[PDB]
């Protein structure tokens, strides 16, 4: 196995992994593949000569695979899925195309809500975030094709699967979960906002996800995430 090294932005102390749903996405993909790899953080205020030589363009995250450097989070993920493949490594791509789009707009709705400083827009922006969460909830409670015409469900016509695409973590979860994590941490701290308990699909999904070390152990600590958003989030008076 060629060496696999993921380079990611360092956090506030210049050493630990910094806030980034992109870093975490790739960390999760690598963990779920079962490949041997490591992670090197990059203090972007003090780049080492080694990192400058590997990636003169300065993009982060980036992947060193053998002696070749790959940039662009989406492209890195596609490369990893293709090269770390069966029979040696598990295919992580979702079976259902909609799994790959469900809930992604949540991050944008969150970003508008958290960066807004106009008091007149707070309620509207919160509603927009809530609605996008509801659409994700609807996806998670809609039976997938695998579940066709089943009769074992507790509530008729309601999906009980663990994750976006079925009962296994897929690339789709690796994209969405790090984003949902940021949304939860930042909204609780700076907006007094939590995902309603009434969104039972979303909550079952998050419960299942936090119970998996591939997700839980790749989350930056609450403090780094909160610090990353402090300036934009405090603007609203």
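Numbering follows the first chain given and starts at 1.
Between 157-165 and 112-120, which has the higher average C-alpha B-factor in the PDB entry? Stretch with the higher mean C-alpha B-factor: 157-165.
Mean C-alpha B factor from the entry: is it higher for 138-146 or for 83-91? Per the PDB entry, the higher value belongs to 83-91.
In this PDB entry, which of 203, 212, 179, 53 has the top CA B-factor? Max CA B-factor in the entry, restricted to 203, 212, 179, 53: 53.
What third of the chain, by the recorded C-alpha B-factor, contains residue 19? CA B-factor rank for residue 19: lowest third.
Thinking about Cα B factors across the chain, which third does residue 72 belong to? Middle third by C-alpha B-factor.
Can you tell me whether residue 195 has a C-alpha B-factor in the lowest, middle or highest third compared with the other modelled residues of the same chain? Answer is highest: the recorded C-alpha B-factor places it there.
Among the modelled residues of its chain, does the C-alpha B-factor of residue 125 lie in the lowest, middle or highest third? Answer is lowest: the recorded C-alpha B-factor places it there.
Is residue 233 in the lowest, middle or highest third of its chain when residues are ranked by C-alpha B-factor? Lowest third.
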